[PDB]
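Have a look at structure21.cif below; it lists mmCIF, N, CA and C atoms and all ligand atoms.
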```
data_entry
loop_
_atom_site.label_atom_id
_atom_site.label_comp_id
_atom_site.auth_asym_id
_atom_site.auth_seq_id
_atom_site.Cartn_x
_atom_site.Cartn_y
_atom_site.Cartn_z
N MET A 1 -4.17 0.55 -24.11
CA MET A 1 -5.29 -0.15 -23.49
C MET A 1 -5.47 0.27 -22.03
N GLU A 2 -6.68 0.08 -21.51
CA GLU A 2 -6.95 0.39 -20.11
C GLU A 2 -6.42 -0.72 -19.21
N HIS A 3 -5.24 -0.52 -18.63
CA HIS A 3 -4.62 -1.55 -17.80
C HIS A 3 -5.31 -1.66 -16.44
N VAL A 4 -6.04 -2.74 -16.23
CA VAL A 4 -6.75 -3.08 -15.01
C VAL A 4 -7.18 -4.55 -15.06
N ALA A 5 -6.53 -5.41 -14.29
CA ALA A 5 -6.71 -6.86 -14.36
C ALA A 5 -8.10 -7.33 -13.98
N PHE A 6 -8.48 -8.51 -14.48
CA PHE A 6 -9.79 -9.06 -14.12
C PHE A 6 -9.70 -9.66 -12.72
N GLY A 7 -10.76 -9.52 -11.93
CA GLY A 7 -10.79 -10.10 -10.60
C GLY A 7 -10.07 -9.31 -9.54
N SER A 8 -9.55 -8.13 -9.88
CA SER A 8 -8.88 -7.30 -8.87
C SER A 8 -9.84 -6.91 -7.76
N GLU A 9 -9.37 -6.94 -6.51
CA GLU A 9 -10.21 -6.66 -5.36
C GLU A 9 -10.73 -5.22 -5.35
N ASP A 10 -9.86 -4.28 -5.69
CA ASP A 10 -10.20 -2.86 -5.72
C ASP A 10 -10.66 -2.41 -7.10
N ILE A 11 -11.35 -3.28 -7.83
CA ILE A 11 -11.73 -2.92 -9.20
C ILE A 11 -12.78 -1.82 -9.25
N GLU A 12 -13.72 -1.81 -8.30
CA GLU A 12 -14.78 -0.81 -8.36
C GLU A 12 -14.26 0.58 -8.01
N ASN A 13 -13.14 0.63 -7.30
CA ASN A 13 -12.52 1.93 -6.98
C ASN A 13 -11.80 2.46 -8.21
N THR A 14 -10.97 1.61 -8.80
CA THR A 14 -10.26 1.94 -10.03
C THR A 14 -11.22 2.31 -11.16
N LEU A 15 -12.28 1.54 -11.34
CA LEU A 15 -13.21 1.77 -12.44
C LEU A 15 -14.13 2.95 -12.20
N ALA A 16 -14.26 3.45 -10.98
CA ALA A 16 -15.22 4.53 -10.74
C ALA A 16 -14.79 5.88 -11.28
N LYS A 17 -14.01 5.93 -12.35
CA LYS A 17 -13.53 7.17 -12.94
C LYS A 17 -13.53 7.13 -14.46
N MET A 18 -14.00 6.03 -15.03
CA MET A 18 -13.97 5.80 -16.46
C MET A 18 -15.28 6.15 -17.16
N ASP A 19 -15.17 7.00 -18.17
CA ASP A 19 -16.30 7.33 -19.04
C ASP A 19 -16.52 6.16 -20.00
N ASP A 20 -17.47 6.26 -20.93
CA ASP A 20 -17.71 5.15 -21.85
C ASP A 20 -16.43 4.77 -22.59
N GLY A 21 -15.89 5.73 -23.34
CA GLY A 21 -14.66 5.54 -24.07
C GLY A 21 -13.58 4.92 -23.20
N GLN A 22 -13.33 5.54 -22.04
CA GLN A 22 -12.35 5.02 -21.10
C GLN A 22 -12.62 3.55 -20.81
N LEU A 23 -13.91 3.23 -20.73
CA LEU A 23 -14.36 1.88 -20.40
C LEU A 23 -14.22 0.93 -21.58
N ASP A 24 -13.98 1.46 -22.78
CA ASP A 24 -13.88 0.57 -23.93
C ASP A 24 -12.46 0.03 -24.10
N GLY A 25 -11.52 0.52 -23.30
CA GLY A 25 -10.14 0.10 -23.45
C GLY A 25 -9.79 -1.09 -22.57
N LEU A 26 -10.80 -1.62 -21.89
CA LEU A 26 -10.61 -2.74 -20.98
C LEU A 26 -10.46 -4.06 -21.73
N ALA A 27 -9.60 -4.92 -21.21
CA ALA A 27 -9.32 -6.24 -21.75
C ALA A 27 -10.42 -7.25 -21.43
N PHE A 28 -11.50 -6.81 -20.81
CA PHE A 28 -12.61 -7.70 -20.49
C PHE A 28 -13.96 -6.99 -20.61
N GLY A 29 -15.02 -7.79 -20.56
CA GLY A 29 -16.38 -7.29 -20.68
C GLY A 29 -16.84 -6.59 -19.41
N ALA A 30 -17.39 -5.40 -19.54
CA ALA A 30 -17.94 -4.62 -18.44
C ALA A 30 -19.36 -4.12 -18.73
N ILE A 31 -20.24 -4.31 -17.77
CA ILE A 31 -21.64 -3.94 -17.82
C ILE A 31 -22.07 -3.21 -16.55
N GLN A 32 -22.58 -1.98 -16.66
CA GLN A 32 -23.12 -1.35 -15.45
C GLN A 32 -24.63 -1.58 -15.36
N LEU A 33 -25.07 -2.27 -14.31
CA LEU A 33 -26.49 -2.52 -14.11
C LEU A 33 -27.00 -1.76 -12.89
N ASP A 34 -28.13 -1.08 -13.07
CA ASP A 34 -28.77 -0.39 -11.94
C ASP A 34 -29.45 -1.43 -11.06
N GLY A 35 -30.22 -1.00 -10.07
CA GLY A 35 -30.85 -1.85 -9.09
C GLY A 35 -32.00 -2.68 -9.63
N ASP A 36 -32.57 -2.28 -10.77
CA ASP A 36 -33.70 -3.02 -11.32
C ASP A 36 -33.28 -3.95 -12.45
N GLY A 37 -32.03 -3.82 -12.88
CA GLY A 37 -31.45 -4.61 -13.94
C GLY A 37 -31.33 -3.84 -15.25
N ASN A 38 -31.47 -2.52 -15.19
CA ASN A 38 -31.36 -1.69 -16.38
C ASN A 38 -29.91 -1.39 -16.74
N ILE A 39 -29.58 -1.58 -18.02
CA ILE A 39 -28.23 -1.36 -18.50
C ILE A 39 -27.85 0.13 -18.49
N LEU A 40 -26.90 0.48 -17.64
CA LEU A 40 -26.37 1.83 -17.56
C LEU A 40 -25.14 1.99 -18.45
N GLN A 41 -24.31 0.95 -18.48
CA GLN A 41 -23.12 0.93 -19.32
C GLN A 41 -22.93 -0.44 -19.98
N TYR A 42 -22.30 -0.44 -21.14
CA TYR A 42 -22.05 -1.61 -21.97
C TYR A 42 -20.84 -1.35 -22.86
N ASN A 43 -19.69 -1.91 -22.51
CA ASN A 43 -18.47 -1.59 -23.26
C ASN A 43 -18.34 -2.48 -24.49
N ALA A 44 -17.35 -2.16 -25.32
CA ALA A 44 -17.16 -2.81 -26.61
C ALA A 44 -16.63 -4.23 -26.46
N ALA A 45 -15.89 -4.47 -25.38
CA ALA A 45 -15.35 -5.80 -25.12
C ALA A 45 -16.47 -6.83 -25.08
N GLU A 46 -17.41 -6.69 -24.15
CA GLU A 46 -18.52 -7.65 -24.06
C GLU A 46 -19.23 -7.74 -25.41
N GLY A 47 -19.38 -6.60 -26.09
CA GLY A 47 -20.06 -6.61 -27.38
C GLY A 47 -19.38 -7.60 -28.32
N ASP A 48 -18.06 -7.64 -28.22
CA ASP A 48 -17.21 -8.50 -29.04
C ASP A 48 -17.45 -9.98 -28.71
N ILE A 49 -18.01 -10.23 -27.52
CA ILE A 49 -18.30 -11.60 -27.15
C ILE A 49 -19.75 -11.96 -27.47
N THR A 50 -20.67 -11.08 -27.09
CA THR A 50 -22.10 -11.35 -27.27
C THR A 50 -22.63 -10.90 -28.62
N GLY A 51 -21.86 -10.05 -29.30
CA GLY A 51 -22.28 -9.54 -30.59
C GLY A 51 -23.28 -8.41 -30.46
N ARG A 52 -23.72 -8.10 -29.23
CA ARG A 52 -24.66 -6.98 -29.12
C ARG A 52 -23.95 -5.65 -29.37
N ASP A 53 -24.72 -4.60 -29.63
CA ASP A 53 -24.16 -3.27 -29.85
C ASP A 53 -24.28 -2.44 -28.57
N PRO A 54 -23.14 -2.03 -28.02
CA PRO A 54 -23.10 -1.33 -26.74
C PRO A 54 -24.11 -0.18 -26.69
N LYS A 55 -24.07 0.68 -27.70
CA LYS A 55 -24.99 1.81 -27.74
C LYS A 55 -26.43 1.37 -27.95
N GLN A 56 -26.64 0.13 -28.37
CA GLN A 56 -28.01 -0.28 -28.69
C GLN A 56 -28.73 -0.86 -27.48
N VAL A 57 -28.02 -1.57 -26.61
CA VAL A 57 -28.65 -2.20 -25.45
C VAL A 57 -28.65 -1.30 -24.22
N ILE A 58 -28.29 -0.03 -24.38
CA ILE A 58 -28.34 0.92 -23.27
C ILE A 58 -29.78 1.24 -22.90
N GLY A 59 -30.07 1.32 -21.61
CA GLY A 59 -31.38 1.65 -21.09
C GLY A 59 -32.39 0.52 -21.15
N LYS A 60 -31.97 -0.67 -21.57
CA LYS A 60 -32.87 -1.82 -21.64
C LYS A 60 -32.66 -2.75 -20.44
N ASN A 61 -33.62 -3.65 -20.23
CA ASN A 61 -33.50 -4.61 -19.15
C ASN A 61 -32.60 -5.77 -19.58
N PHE A 62 -31.58 -6.03 -18.78
CA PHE A 62 -30.56 -7.04 -19.05
C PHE A 62 -31.10 -8.45 -18.83
N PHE A 63 -31.73 -8.70 -17.69
CA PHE A 63 -32.26 -10.04 -17.43
C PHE A 63 -33.53 -10.28 -18.23
N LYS A 64 -34.29 -9.21 -18.49
CA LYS A 64 -35.56 -9.36 -19.19
C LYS A 64 -35.42 -9.46 -20.70
N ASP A 65 -34.64 -8.58 -21.33
CA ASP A 65 -34.60 -8.51 -22.79
C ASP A 65 -33.21 -8.66 -23.37
N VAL A 66 -32.18 -8.13 -22.71
CA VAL A 66 -30.84 -8.22 -23.27
C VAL A 66 -30.29 -9.65 -23.17
N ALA A 67 -30.25 -10.16 -21.94
CA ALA A 67 -29.65 -11.48 -21.70
C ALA A 67 -30.52 -12.45 -20.93
N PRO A 68 -31.56 -12.98 -21.58
CA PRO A 68 -32.52 -13.84 -20.87
C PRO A 68 -31.87 -15.12 -20.37
N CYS A 69 -30.73 -15.46 -20.98
CA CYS A 69 -30.03 -16.68 -20.56
C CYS A 69 -29.48 -16.54 -19.15
N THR A 70 -29.46 -15.32 -18.60
CA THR A 70 -29.00 -15.08 -17.24
C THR A 70 -30.16 -14.96 -16.26
N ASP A 71 -31.37 -15.22 -16.75
CA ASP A 71 -32.58 -15.22 -15.93
C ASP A 71 -32.76 -16.60 -15.29
N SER A 72 -31.99 -16.83 -14.23
CA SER A 72 -31.95 -18.10 -13.52
C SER A 72 -31.50 -17.90 -12.08
N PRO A 73 -31.73 -18.88 -11.21
CA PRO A 73 -31.26 -18.75 -9.83
C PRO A 73 -29.74 -18.60 -9.74
N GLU A 74 -29.04 -19.07 -10.76
CA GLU A 74 -27.59 -19.11 -10.81
C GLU A 74 -26.96 -17.78 -11.23
N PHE A 75 -27.74 -16.90 -11.84
CA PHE A 75 -27.23 -15.60 -12.25
C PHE A 75 -28.04 -14.50 -11.56
N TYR A 76 -29.30 -14.43 -11.96
CA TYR A 76 -30.32 -13.51 -11.50
C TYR A 76 -30.53 -13.58 -10.00
N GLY A 77 -30.74 -14.80 -9.51
CA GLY A 77 -30.91 -15.08 -8.10
C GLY A 77 -29.82 -14.47 -7.25
N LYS A 78 -28.57 -14.64 -7.66
CA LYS A 78 -27.43 -14.07 -6.96
C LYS A 78 -27.46 -12.55 -7.02
N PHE A 79 -27.87 -12.02 -8.17
CA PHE A 79 -27.95 -10.57 -8.36
C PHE A 79 -28.97 -9.95 -7.42
N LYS A 80 -30.19 -10.48 -7.44
CA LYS A 80 -31.23 -9.90 -6.59
C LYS A 80 -30.84 -9.99 -5.12
N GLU A 81 -30.31 -11.14 -4.72
CA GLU A 81 -29.90 -11.33 -3.33
C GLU A 81 -28.92 -10.23 -2.94
N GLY A 82 -28.02 -9.92 -3.86
CA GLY A 82 -27.04 -8.86 -3.70
C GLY A 82 -27.72 -7.50 -3.70
N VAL A 83 -28.58 -7.25 -4.68
CA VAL A 83 -29.32 -5.99 -4.72
C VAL A 83 -30.06 -5.76 -3.41
N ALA A 84 -30.85 -6.75 -3.02
CA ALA A 84 -31.63 -6.69 -1.79
C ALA A 84 -30.73 -6.60 -0.56
N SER A 85 -29.67 -7.40 -0.54
CA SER A 85 -28.72 -7.41 0.56
C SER A 85 -27.97 -6.08 0.67
N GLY A 86 -27.67 -5.48 -0.48
CA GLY A 86 -26.93 -4.23 -0.52
C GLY A 86 -25.48 -4.46 -0.89
N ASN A 87 -25.10 -5.72 -1.07
CA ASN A 87 -23.71 -6.03 -1.42
C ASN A 87 -23.62 -7.36 -2.17
N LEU A 88 -22.47 -7.59 -2.80
CA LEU A 88 -22.23 -8.83 -3.52
C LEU A 88 -20.87 -8.79 -4.22
N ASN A 89 -20.13 -9.88 -4.12
CA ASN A 89 -18.82 -10.12 -4.71
C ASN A 89 -18.67 -11.59 -5.05
N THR A 90 -19.14 -11.99 -6.24
CA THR A 90 -19.08 -13.42 -6.54
C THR A 90 -18.60 -13.69 -7.97
N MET A 91 -17.80 -14.74 -8.07
CA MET A 91 -17.14 -15.26 -9.25
C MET A 91 -17.71 -16.61 -9.66
N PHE A 92 -17.91 -16.83 -10.96
CA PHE A 92 -18.49 -18.10 -11.39
C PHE A 92 -18.31 -18.27 -12.90
N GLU A 93 -18.29 -19.52 -13.33
CA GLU A 93 -18.26 -19.85 -14.76
C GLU A 93 -19.69 -19.82 -15.29
N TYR A 94 -19.87 -19.66 -16.59
CA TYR A 94 -21.23 -19.57 -17.14
C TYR A 94 -21.19 -19.73 -18.66
N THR A 95 -22.35 -19.91 -19.27
CA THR A 95 -22.45 -20.05 -20.71
C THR A 95 -23.57 -19.18 -21.28
N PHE A 96 -23.21 -18.31 -22.21
CA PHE A 96 -24.16 -17.45 -22.90
C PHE A 96 -24.55 -18.09 -24.24
N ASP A 97 -25.80 -18.51 -24.39
CA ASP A 97 -26.19 -19.23 -25.60
C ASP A 97 -27.30 -18.54 -26.38
N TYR A 98 -27.81 -17.43 -25.86
CA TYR A 98 -28.94 -16.75 -26.49
C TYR A 98 -28.52 -15.97 -27.73
N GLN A 99 -29.17 -16.28 -28.85
CA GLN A 99 -28.91 -15.62 -30.11
C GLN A 99 -27.41 -15.60 -30.43
N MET A 100 -26.74 -16.72 -30.16
CA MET A 100 -25.30 -16.79 -30.37
C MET A 100 -24.75 -18.18 -30.12
N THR A 101 -23.56 -18.46 -30.66
CA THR A 101 -22.90 -19.73 -30.37
C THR A 101 -22.65 -19.83 -28.86
N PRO A 102 -22.99 -20.95 -28.25
CA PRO A 102 -22.67 -21.13 -26.82
C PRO A 102 -21.22 -20.79 -26.52
N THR A 103 -21.02 -19.75 -25.72
CA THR A 103 -19.68 -19.28 -25.38
C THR A 103 -19.40 -19.42 -23.89
N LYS A 104 -18.56 -20.40 -23.56
CA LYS A 104 -18.11 -20.69 -22.21
C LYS A 104 -17.36 -19.50 -21.62
N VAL A 105 -18.03 -18.76 -20.75
CA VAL A 105 -17.43 -17.56 -20.16
C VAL A 105 -17.42 -17.63 -18.64
N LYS A 106 -16.69 -16.68 -18.06
CA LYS A 106 -16.61 -16.51 -16.62
C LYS A 106 -17.17 -15.14 -16.23
N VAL A 107 -18.04 -15.12 -15.22
CA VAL A 107 -18.66 -13.87 -14.81
C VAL A 107 -18.27 -13.47 -13.38
N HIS A 108 -17.92 -12.20 -13.21
CA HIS A 108 -17.65 -11.62 -11.90
C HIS A 108 -18.64 -10.50 -11.61
N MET A 109 -19.39 -10.63 -10.52
CA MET A 109 -20.37 -9.61 -10.16
C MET A 109 -19.99 -8.96 -8.83
N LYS A 110 -20.03 -7.63 -8.79
CA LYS A 110 -19.69 -6.93 -7.55
C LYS A 110 -20.36 -5.56 -7.52
N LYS A 111 -20.83 -5.15 -6.35
CA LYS A 111 -21.44 -3.83 -6.21
C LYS A 111 -20.40 -2.74 -6.45
N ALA A 112 -20.82 -1.64 -7.07
CA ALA A 112 -19.88 -0.55 -7.34
C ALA A 112 -19.73 0.37 -6.13
N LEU A 113 -18.83 1.34 -6.23
CA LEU A 113 -18.65 2.33 -5.17
C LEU A 113 -19.91 3.18 -5.06
N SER A 114 -20.62 3.32 -6.17
CA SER A 114 -21.85 4.11 -6.20
C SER A 114 -22.98 3.40 -5.46
N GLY A 115 -24.06 4.13 -5.23
CA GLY A 115 -25.21 3.67 -4.48
C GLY A 115 -25.92 2.46 -5.03
N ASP A 116 -26.63 2.62 -6.14
CA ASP A 116 -27.42 1.52 -6.69
C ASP A 116 -26.87 1.01 -8.01
N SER A 117 -25.54 0.89 -8.10
CA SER A 117 -24.93 0.42 -9.34
C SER A 117 -24.15 -0.87 -9.08
N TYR A 118 -24.23 -1.76 -10.06
CA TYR A 118 -23.61 -3.08 -9.97
C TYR A 118 -22.84 -3.41 -11.24
N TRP A 119 -21.66 -3.99 -11.04
CA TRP A 119 -20.80 -4.35 -12.15
C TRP A 119 -20.96 -5.81 -12.55
N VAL A 120 -20.86 -6.08 -13.84
CA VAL A 120 -20.88 -7.46 -14.32
C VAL A 120 -19.76 -7.66 -15.33
N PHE A 121 -18.60 -8.08 -14.82
CA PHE A 121 -17.43 -8.28 -15.67
C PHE A 121 -17.42 -9.66 -16.29
N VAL A 122 -17.04 -9.75 -17.57
CA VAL A 122 -17.06 -11.04 -18.24
C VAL A 122 -15.79 -11.28 -19.05
N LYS A 123 -15.37 -12.54 -19.13
CA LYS A 123 -14.18 -12.86 -19.93
C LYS A 123 -14.30 -14.26 -20.52
N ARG A 124 -13.60 -14.48 -21.64
CA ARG A 124 -13.62 -15.80 -22.26
C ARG A 124 -12.76 -16.78 -21.47
N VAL A 125 -13.23 -18.01 -21.36
CA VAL A 125 -12.57 -19.07 -20.62
C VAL A 125 -12.42 -20.34 -21.44
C1 LIG B 201 -26.73 -15.32 -22.05
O1 LIG B 201 -26.07 -14.46 -21.37
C2 LIG B 201 -27.01 -14.93 -23.36
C3 LIG B 201 -26.83 -13.81 -24.10
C4 LIG B 201 -26.26 -12.59 -23.77
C5 LIG B 201 -26.92 -11.40 -24.10
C6 LIG B 201 -26.37 -10.18 -23.75
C7 LIG B 201 -25.16 -10.12 -23.07
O2 LIG B 201 -24.63 -8.94 -22.67
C8 LIG B 201 -24.50 -11.30 -22.76
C9 LIG B 201 -25.05 -12.53 -23.11
#
```
Can the structure in the file be given as structure tokens, please?
Ligand SMILES: *C(=O)/C=C\c1ccc(O)cc1
Amino acid sequence: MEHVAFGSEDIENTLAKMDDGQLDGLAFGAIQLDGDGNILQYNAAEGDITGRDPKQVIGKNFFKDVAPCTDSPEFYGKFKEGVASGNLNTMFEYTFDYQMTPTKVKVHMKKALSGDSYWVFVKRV
């Protein structure tokens, strides 16, 4: 497995070297979102929670079509503020209920080492 703990401070440095496959060995959900909310990466872990297909939701809008349940001031609002601000590192509990059993999860959002890329790590709680 890809040994890298959830919530690690230097996670974007460690993760900035993993291809898709490399990214599928993680013990938690990982999503790469561009500046507009377009899915750049989607690993198998999150798929296992949301039931979506990693290869299927690539290139689609996450807040608009993939995960509308995150279209709120509590998810989206924080994201845009971060996008616009140029930075963001925030941890929070949340519930994904769209097209699925309500699953009490925890979300960690942080800007990547790259320019306009943002990470959205998720785990069961
Ligand atoms: C709220 O988040 C509902 C559904 C959902 C859809 C896609 C992904 O990746 C997570 C959760």
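If one restricts the calculation to only N, CA and C atoms and all ligand atoms, the set of residues situated within 7 Å of ligand LIG 201 (chain B) consists of residues 46, 47, 49, 50, 52, 65, 66, 67, 68, 69, 70, 95, 96, 97, 98, 99 and 100 of chain A.
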Keeping only N, CA and C atoms, write the selected residues as an mmCIF file, in the frame of the given file.
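Okay, this is what ended up in again-v2.cif:
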```cif
data_model
loop_
_atom_site.group_PDB
_atom_site.id
_atom_site.type_symbol
_atom_site.label_atom_id
_atom_site.label_comp_id
_atom_site.auth_asym_id
_atom_site.auth_seq_id
_atom_site.Cartn_x
_atom_site.Cartn_y
_atom_site.Cartn_z
ATOM 1 N N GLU A 46 -17.410 -6.690 -24.150
ATOM 2 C CA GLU A 46 -18.520 -7.650 -24.060
ATOM 3 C C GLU A 46 -19.230 -7.740 -25.410
ATOM 4 N N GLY A 47 -19.380 -6.600 -26.090
ATOM 5 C CA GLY A 47 -20.060 -6.610 -27.380
ATOM 6 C C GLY A 47 -19.380 -7.600 -28.320
ATOM 7 N N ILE A 49 -18.010 -10.230 -27.520
ATOM 8 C CA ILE A 49 -18.300 -11.600 -27.150
ATOM 9 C C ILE A 49 -19.750 -11.960 -27.470
ATOM 10 N N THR A 50 -20.670 -11.080 -27.090
ATOM 11 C CA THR A 50 -22.100 -11.350 -27.270
ATOM 12 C C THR A 50 -22.630 -10.900 -28.620
ATOM 13 N N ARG A 52 -23.720 -8.100 -29.230
ATOM 14 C CA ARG A 52 -24.660 -6.980 -29.120
ATOM 15 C C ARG A 52 -23.950 -5.650 -29.370
ATOM 16 N N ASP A 65 -34.640 -8.580 -21.330
ATOM 17 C CA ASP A 65 -34.600 -8.510 -22.790
ATOM 18 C C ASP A 65 -33.210 -8.660 -23.370
ATOM 19 N N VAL A 66 -32.180 -8.130 -22.710
ATOM 20 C CA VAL A 66 -30.840 -8.220 -23.270
ATOM 21 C C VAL A 66 -30.290 -9.650 -23.170
ATOM 22 N N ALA A 67 -30.250 -10.160 -21.940
ATOM 23 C CA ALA A 67 -29.650 -11.480 -21.700
ATOM 24 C C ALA A 67 -30.520 -12.450 -20.930
ATOM 25 N N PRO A 68 -31.560 -12.980 -21.580
ATOM 26 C CA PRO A 68 -32.520 -13.840 -20.870
ATOM 27 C C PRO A 68 -31.870 -15.120 -20.370
ATOM 28 N N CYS A 69 -30.730 -15.460 -20.980
ATOM 29 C CA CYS A 69 -30.030 -16.680 -20.560
ATOM 30 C C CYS A 69 -29.480 -16.540 -19.150
ATOM 31 N N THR A 70 -29.460 -15.320 -18.600
ATOM 32 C CA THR A 70 -29.000 -15.080 -17.240
ATOM 33 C C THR A 70 -30.160 -14.960 -16.260
ATOM 34 N N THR A 95 -22.350 -19.910 -19.270
ATOM 35 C CA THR A 95 -22.450 -20.050 -20.710
ATOM 36 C C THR A 95 -23.570 -19.180 -21.280
ATOM 37 N N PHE A 96 -23.210 -18.310 -22.210
ATOM 38 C CA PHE A 96 -24.160 -17.450 -22.900
ATOM 39 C C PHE A 96 -24.550 -18.090 -24.240
ATOM 40 N N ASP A 97 -25.800 -18.510 -24.390
ATOM 41 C CA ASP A 97 -26.190 -19.230 -25.600
ATOM 42 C C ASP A 97 -27.300 -18.540 -26.380
ATOM 43 N N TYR A 98 -27.810 -17.430 -25.860
ATOM 44 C CA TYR A 98 -28.940 -16.750 -26.490
ATOM 45 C C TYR A 98 -28.520 -15.970 -27.730
ATOM 46 N N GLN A 99 -29.170 -16.280 -28.850
ATOM 47 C CA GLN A 99 -28.910 -15.620 -30.110
ATOM 48 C C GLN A 99 -27.410 -15.600 -30.430
ATOM 49 N N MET A 100 -26.740 -16.720 -30.160
ATOM 50 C CA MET A 100 -25.300 -16.790 -30.370
ATOM 51 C C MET A 100 -24.750 -18.180 -30.120
#
```
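Non-sequential neighbours of residue A:114 (distance at most 8 Å, separation of 3 or more positions within a chain, all atoms listed in the file) are residues 12, 16, 111, 117 and 118 of chain A.
Going from atom C of residue A:11 over to atom C of residue A:101, you cover 28.4 Å.
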Item to complete: Could you please write out, as JSON, numbers by chain, every residue of chain A that DSSP assigns to strand (DSSP E)?
Response: {"A": [31, 32, 33, 39, 40, 41, 42, 89, 90, 91, 92, 93, 94, 95, 96, 103, 104, 105, 106, 107, 108, 109, 110, 111, 118, 119, 120, 121, 122, 123, 124]}
Point (-24.1, -14.0, -3.6), cut-off 6.5 Å, counting only N, CA and C atoms, residues as a JSON list (two decimals) with N, CA and C atoms, keeping the file's coordinate frame:
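Final output, saved to selection-v4.json:
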```
[["chain", "number", "residue", "atom", "x", "y", "z"],
["A", 78, "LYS", "N", -28.57, -14.64, -7.66],
["A", 78, "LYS", "CA", -27.43, -14.07, -6.96],
["A", 78, "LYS", "C", -27.46, -12.55, -7.02],
["A", 79, "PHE", "N", -27.87, -12.02, -8.17],
["A", 79, "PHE", "CA", -27.95, -10.57, -8.36],
["A", 79, "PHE", "C", -28.97, -9.95, -7.42],
["A", 81, "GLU", "N", -30.31, -11.14, -4.72],
["A", 81, "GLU", "CA", -29.90, -11.33, -3.33],
["A", 81, "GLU", "C", -28.92, -10.23, -2.94],
["A", 82, "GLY", "N", -28.02, -9.92, -3.86],
["A", 82, "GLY", "CA", -27.04, -8.86, -3.70],
["A", 82, "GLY", "C", -27.72, -7.50, -3.70],
["A", 88, "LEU", "N", -22.47, -7.59, -2.80],
["A", 88, "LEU", "CA", -22.23, -8.83, -3.52],
["A", 88, "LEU", "C", -20.87, -8.79, -4.22],
["A", 89, "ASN", "N", -20.13, -9.88, -4.12],
["A", 89, "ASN", "CA", -18.82, -10.12, -4.71],
["A", 89, "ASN", "C", -18.67, -11.59, -5.05],
["A", 90, "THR", "N", -19.14, -11.99, -6.24],
["A", 90, "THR", "CA", -19.08, -13.42, -6.54],
["A", 90, "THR", "C", -18.60, -13.69, -7.97]]
```
Practice prompt. Select from stretch 24-77 of chain A everything DSSP, run on the backbone, classes as helix (DSSP H, G or I), then give the selection as an MDAnalysis selection string.
Written response: chainID A and resid 44:50 62:66 68:70 76:77
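Shown here are all protein and nucleic acid residues lying within 8 Å of (-18.7, -13.9, -16.2), with only C-alpha atoms considered: residues 91, 92, 93, 94, 105, 106, 107, 108, 109, 120, 121, 122 and 123 of chain A.
Comparing A:84, A:72, A:28, A:23 by their smallest distance to residue A:6, the closest is A:28 (using only N, CA and C atoms).
Coordinates place atom CA of residue A:115 at a distance of 9.0 Å from atom CA of residue A:86.
As for atom CA of residue A:51 and atom C of residue A:27, they are spaced 15.2 Å apart.
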